$ cat protein39.tsv   # TSV, C-alpha atoms
chain	number	residue	atom	x	y	z
M	63	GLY	CA	83.50	66.70	78.83
M	64	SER	CA	81.64	68.94	81.24
M	65	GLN	CA	83.81	70.49	83.99
M	66	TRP	CA	86.25	67.73	83.01
M	67	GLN	CA	85.79	66.25	86.49
M	68	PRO	CA	84.71	62.77	85.21
M	69	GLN	CA	87.96	63.10	83.28
M	70	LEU	CA	89.79	64.20	86.43
M	71	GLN	CA	88.36	61.09	88.01
M	72	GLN	CA	89.78	59.16	85.05
M	73	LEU	CA	93.24	60.09	86.28
M	74	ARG	CA	92.25	60.08	89.96
M	75	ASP	CA	91.47	56.44	89.17
M	76	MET	CA	95.05	55.84	88.01
M	77	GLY	CA	96.38	57.62	91.07
M	78	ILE	CA	97.11	60.93	89.38
M	79	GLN	CA	96.98	63.81	91.85
M	80	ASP	CA	97.84	66.43	89.24
M	81	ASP	CA	94.27	67.71	88.86
M	82	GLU	CA	95.57	71.24	88.22
M	83	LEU	CA	97.66	69.75	85.45
M	84	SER	CA	94.93	67.46	84.11
M	85	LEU	CA	92.16	70.09	83.92
M	86	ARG	CA	94.46	72.14	81.68
M	87	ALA	CA	95.39	69.20	79.46
M	88	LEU	CA	91.66	68.64	79.29
M	89	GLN	CA	90.94	72.24	78.29
M	90	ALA	CA	93.65	71.92	75.64
M	91	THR	CA	92.16	68.75	74.18
M	92	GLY	CA	88.51	69.70	74.53
M	93	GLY	CA	87.62	66.97	76.98
M	94	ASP	CA	89.64	63.86	76.22
M	95	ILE	CA	91.80	61.91	78.63
M	96	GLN	CA	93.76	59.78	76.22
M	97	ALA	CA	94.68	62.95	74.33
M	98	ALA	CA	95.30	64.74	77.64
M	99	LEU	CA	98.10	62.33	78.61
M	100	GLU	CA	99.72	63.44	75.35
M	101	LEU	CA	99.28	67.12	76.07
M	102	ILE	CA	100.72	66.33	79.50
M	103	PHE	CA	103.43	64.20	77.90
M	104	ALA	CA	104.54	67.07	75.66
M	105	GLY	CA	103.86	69.63	78.32
M	106	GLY	CA	102.03	72.10	76.13
M	107	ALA	CA	100.69	70.86	72.80
M	108	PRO	CA	101.51	68.33	70.03
$ encode --input "protein39.tsv" --output "structure tokens"
Amino acid sequence: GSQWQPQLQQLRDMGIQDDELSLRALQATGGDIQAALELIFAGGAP
């Protein structure tokens, strides 16, 4: 995941406006969306 923007777009596809949120969940995961929704779900880390 480079810049995580394709990943942003992965959520921007679903209608997620929380880019500020997502980018951080992305940084936390390393560049995964499916894992990001879990980081987001927990709100910090598993």
$ closest_residue --input "protein39.tsv" --among "M:100, M:94, M:82, M:105" --to "residue 69 in chain M" --atoms "all atoms listed in the file"
M:94
$ closest_residue --input "protein39.tsv" --among "M:76, M:107, M:83, M:88" --to "residue 63 in chain M" --atoms "only C-alpha atoms"
M:88
$ closest_residue --input "protein39.tsv" --among "M:90, M:85, M:104, M:97" --to "residue 67 in chain M" --atoms "only C-alpha atoms"
M:85
$ atom_distance --input "protein39.tsv" --atom1 "CA of residue 71 in chain M" --atom2 "CA of residue 91 in chain M"
16.3 Å
$ closest_residue --input "protein39.tsv" --among "M:102, M:64, M:93, M:108" --to "residue 78 in chain M" --atoms "all atoms listed in the file"
M:102
$ residues_around --input "protein39.tsv" --residues "residue 84 in chain M" --least-positions-apart "2" --cutoff "8 Å" --atoms "all atoms listed in the file" --output "ChimeraX atom specification"
/M:70,73,80-82,86-88,98,102
$ decode --input "protein39.tsv" --residues "range 70-94 of chain M" --atoms "N, CA, C and O atoms" --output "short mmCIF file (atom, residue, chain, number, x, y, z; two decimals), in the first residue's frame"
data_model
loop_
_atom_site.label_atom_id
_atom_site.label_comp_id
_atom_site.auth_asym_id
_atom_site.auth_seq_id
_atom_site.Cartn_x
_atom_site.Cartn_y
_atom_site.Cartn_z
N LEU M 70 -7.75 4.10 0.57
CA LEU M 70 -8.75 5.13 0.86
C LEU M 70 -9.92 4.94 -0.08
O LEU M 70 -11.07 4.90 0.34
N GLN M 71 -9.60 4.79 -1.36
CA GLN M 71 -10.59 4.64 -2.39
C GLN M 71 -11.42 3.37 -2.17
O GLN M 71 -12.56 3.27 -2.61
N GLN M 72 -10.83 2.40 -1.47
CA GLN M 72 -11.51 1.16 -1.13
C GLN M 72 -12.67 1.43 -0.19
O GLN M 72 -13.69 0.74 -0.22
N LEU M 73 -12.51 2.45 0.64
CA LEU M 73 -13.55 2.84 1.58
C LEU M 73 -14.41 3.94 0.97
O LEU M 73 -15.61 4.01 1.20
N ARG M 74 -13.78 4.81 0.18
CA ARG M 74 -14.49 5.83 -0.57
C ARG M 74 -15.47 5.19 -1.55
O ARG M 74 -16.45 5.79 -1.97
N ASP M 75 -15.19 3.93 -1.89
CA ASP M 75 -16.09 3.11 -2.69
C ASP M 75 -17.33 2.74 -1.89
O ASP M 75 -18.45 2.77 -2.40
N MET M 76 -17.13 2.40 -0.62
CA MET M 76 -18.22 1.96 0.25
C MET M 76 -19.03 3.15 0.75
O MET M 76 -20.13 2.99 1.27
N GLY M 77 -18.47 4.34 0.58
CA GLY M 77 -19.14 5.54 1.03
C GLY M 77 -18.57 6.04 2.34
O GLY M 77 -19.23 6.78 3.08
N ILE M 78 -17.35 5.62 2.65
CA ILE M 78 -16.69 6.02 3.88
C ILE M 78 -15.97 7.34 3.66
O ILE M 78 -15.10 7.44 2.79
N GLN M 79 -16.33 8.35 4.43
CA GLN M 79 -15.74 9.67 4.29
C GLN M 79 -14.58 9.86 5.25
O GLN M 79 -13.84 10.84 5.17
N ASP M 80 -14.42 8.91 6.17
CA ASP M 80 -13.44 9.02 7.23
C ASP M 80 -12.04 8.66 6.72
O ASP M 80 -11.43 7.68 7.16
N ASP M 81 -11.55 9.45 5.78
CA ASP M 81 -10.22 9.28 5.21
C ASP M 81 -9.15 9.48 6.28
O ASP M 81 -8.16 8.74 6.32
N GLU M 82 -9.36 10.47 7.14
CA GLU M 82 -8.41 10.78 8.22
C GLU M 82 -8.28 9.56 9.12
O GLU M 82 -7.19 9.16 9.53
N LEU M 83 -9.43 8.97 9.40
CA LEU M 83 -9.53 7.73 10.15
C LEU M 83 -8.82 6.60 9.40
O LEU M 83 -7.90 5.97 9.93
N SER M 84 -9.25 6.37 8.16
CA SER M 84 -8.79 5.24 7.37
C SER M 84 -7.28 5.22 7.22
O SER M 84 -6.64 4.21 7.51
N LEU M 85 -6.70 6.34 6.80
CA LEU M 85 -5.26 6.44 6.58
C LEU M 85 -4.49 5.94 7.81
O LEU M 85 -3.46 5.29 7.69
N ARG M 86 -5.04 6.20 8.99
CA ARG M 86 -4.37 5.83 10.24
C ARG M 86 -4.54 4.34 10.51
O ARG M 86 -3.61 3.67 10.96
N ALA M 87 -5.73 3.81 10.22
CA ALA M 87 -5.97 2.38 10.33
C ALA M 87 -5.10 1.64 9.33
O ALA M 87 -4.68 0.50 9.56
N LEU M 88 -4.83 2.30 8.22
CA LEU M 88 -3.96 1.78 7.18
C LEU M 88 -2.50 1.75 7.65
O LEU M 88 -1.81 0.75 7.48
N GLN M 89 -2.05 2.86 8.21
CA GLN M 89 -0.71 2.94 8.78
C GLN M 89 -0.51 1.87 9.85
O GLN M 89 0.55 1.24 9.93
N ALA M 90 -1.54 1.65 10.65
CA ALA M 90 -1.49 0.67 11.74
C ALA M 90 -1.39 -0.76 11.22
O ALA M 90 -0.74 -1.60 11.83
N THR M 91 -2.03 -1.03 10.09
CA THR M 91 -2.05 -2.37 9.53
C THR M 91 -0.85 -2.61 8.63
O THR M 91 -0.31 -3.72 8.58
N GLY M 92 -0.42 -1.57 7.94
CA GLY M 92 0.69 -1.69 7.02
C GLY M 92 0.25 -1.48 5.58
O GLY M 92 1.08 -1.35 4.68
N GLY M 93 -1.06 -1.41 5.38
CA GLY M 93 -1.59 -1.22 4.05
C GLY M 93 -2.63 -2.27 3.69
O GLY M 93 -2.64 -2.78 2.58
N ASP M 94 -3.51 -2.58 4.64
CA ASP M 94 -4.59 -3.51 4.38
C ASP M 94 -5.91 -2.91 4.81
O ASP M 94 -6.01 -2.29 5.87
#
